[PDB]
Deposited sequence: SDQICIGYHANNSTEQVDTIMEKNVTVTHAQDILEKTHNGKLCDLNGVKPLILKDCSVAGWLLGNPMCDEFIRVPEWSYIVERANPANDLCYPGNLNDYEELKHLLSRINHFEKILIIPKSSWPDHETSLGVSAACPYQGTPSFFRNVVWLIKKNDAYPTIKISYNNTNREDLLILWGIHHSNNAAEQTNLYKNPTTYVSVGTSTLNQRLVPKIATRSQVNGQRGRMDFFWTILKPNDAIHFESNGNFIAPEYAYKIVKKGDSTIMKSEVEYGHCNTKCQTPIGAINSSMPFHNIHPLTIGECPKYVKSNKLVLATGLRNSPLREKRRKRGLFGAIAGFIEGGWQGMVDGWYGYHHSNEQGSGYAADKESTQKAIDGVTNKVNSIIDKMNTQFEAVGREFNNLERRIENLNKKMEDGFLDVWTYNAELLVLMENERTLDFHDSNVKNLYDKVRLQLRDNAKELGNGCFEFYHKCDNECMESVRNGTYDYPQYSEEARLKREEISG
């Protein structure tokens, strides 16, 4: 007697997934949605190269530390790369005011151009070539920051400087200047003539007065003196006014600056790779559409959500053993190779496996749609994650840390449990589809066949391969065989 059986795909896969109720469940196909790979390279960000200060800090680069070795200034960059402890930074010891805000402002710059705004010819009554220190050596000779001029008395006199510069360019000007804290009255009168001095700086918004602190300090880079640097953004058609009778570190060069987007400073030792990316980490770039990653927290760009997890494996295929699906249908079919759910016939032209095209295709569509929903519903926007707070801003640094940790906890929990729940529902989806197929066949045949209890029906008539693929194609004629079935059904012993 001919029979027809309902079954499902099996294969050689050893891939495992977890569900909310079961762990280490072998399946026929799975997919990780957690991005774990990076190119180990520093790349352009959306087509724009980073500004890689390799042996210089932002401060030394800006002021023109003569000990920083190379300076092919670039007119635009997407982020700044410093390494962890730059060797060259403020050769003469001191400070750059509002340094962290300045670095954040310079993180991403649309246009950057160094220009000469006050040449040394502007100081006819002051010495312009002796403002030089062994703390800032160039090629064995004492020197100084190149973009600023350390003015010194001339003929034992330091006349009061009163000068102004109008920003006649059409871009903002980043301007830097400084004041020198000398060590004692003798050094004060040696460098400048006047013992009590000041530096006044004024713009439309700036109203600054600095007085040197002549006091004992510890030696740093061989110097007990200090130099405090300050900066401003001079808008077009505004003028900056300087006045000073000593200790003035005057601007010489400044920077035309056009700023649009923001970014941060990345600390990294990885090397530039002539690549492009939308998501950069300090150990490499990420090219991924996945919603989650575990590579590094300090990312710049449009990145997946950072989670603490080793794998996020969604089940795509069926339960695999290399109620349905290991219930009343005892097991899977390695023999069925071209589908997920299908049939196995046996008449007397032969045996074979044949996949049910329609339910297999709709289950594949549904599982693919589920994966694509878990991926595509993730909103990813540009974010720049750095560490931009100083030693006296640790409360804000802790606020940021609590924010980062909270978002990591939220995303980790949500992703893990989403994977578990949707894996369990995918396996149940397979179970219900298989049972629905068995019932579709049961309702095509009714009492022209006997249920055998293992997923198979036994025909009360002969069912040729046209009758068989008519059972698969949805095309079984019950009233036709109604009596070939009738007579063999009542002819049953025993």
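J.: Unmodelled stretches of the deposited sequence, numbered from 1?
T.: Unobserved in coordinates, per deposited numbering: 323-333, one stretch.
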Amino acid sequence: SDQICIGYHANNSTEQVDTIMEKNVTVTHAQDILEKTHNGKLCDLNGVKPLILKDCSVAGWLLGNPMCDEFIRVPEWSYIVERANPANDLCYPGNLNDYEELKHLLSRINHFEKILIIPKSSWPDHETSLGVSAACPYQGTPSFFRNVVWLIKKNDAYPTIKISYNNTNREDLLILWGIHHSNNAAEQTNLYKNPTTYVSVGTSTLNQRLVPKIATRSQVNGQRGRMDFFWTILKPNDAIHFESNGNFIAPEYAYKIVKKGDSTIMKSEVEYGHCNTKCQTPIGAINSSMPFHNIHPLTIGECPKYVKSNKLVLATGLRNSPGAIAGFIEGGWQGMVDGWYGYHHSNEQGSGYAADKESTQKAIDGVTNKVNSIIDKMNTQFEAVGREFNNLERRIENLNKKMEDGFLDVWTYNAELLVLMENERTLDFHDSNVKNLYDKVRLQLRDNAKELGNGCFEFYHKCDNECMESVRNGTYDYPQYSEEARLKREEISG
From here on, numbers count along this sequence of modelled residues.
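J.: Quick check on the record: does 79-87 or 296-304 carry the larger mean Cα temperature factor?
T.: Comparing averages over the C-alpha atoms only gives 79-87.
J.: Please work out which of 108-116 and 340-348 has the higher mean CA B-factor as recorded in the PDB entry.
T.: Averaged over C-alpha atoms, the B-factors run higher in 340-348.
J.: Using the entry's values, work out which of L408, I72, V419, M266 has the largest Cα B factor.
T.: Spelled out: the listed residue with the top C-alpha B-factor is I72.
J.: In terms of recorded Cα temperature factor, pick the maximum from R170, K213, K103, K402.
T.: By C-alpha B-factor in the record, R170 ranks first.
J.: Mind checking which third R217 falls in for C-alpha B-factor across the chain?
T.: It falls in the bottom third of the chain.
J.: Would the CA B-factor of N465 place it in the lowest, middle or highest third of its chain?
T.: Ranked within chain, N465 CA B lands in the highest tercile.
J.: Taking the C-alpha B-factors as the PDB entry records them, is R395 in the lowest, middle or highest third of its chain?
T.: Lowest third of the chain for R395's C-alpha B-factor.
J.: Using the temperature factors of the C-alpha atoms in this entry, rank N65 within its chain: lowest, middle or highest third.
T.: It falls in the bottom third of the chain.
J.: Looking at the C-alpha B-factor of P159, is it in the lowest, middle or highest third of its chain?
T.: Answer is lowest: the recorded C-alpha B-factor places it there.
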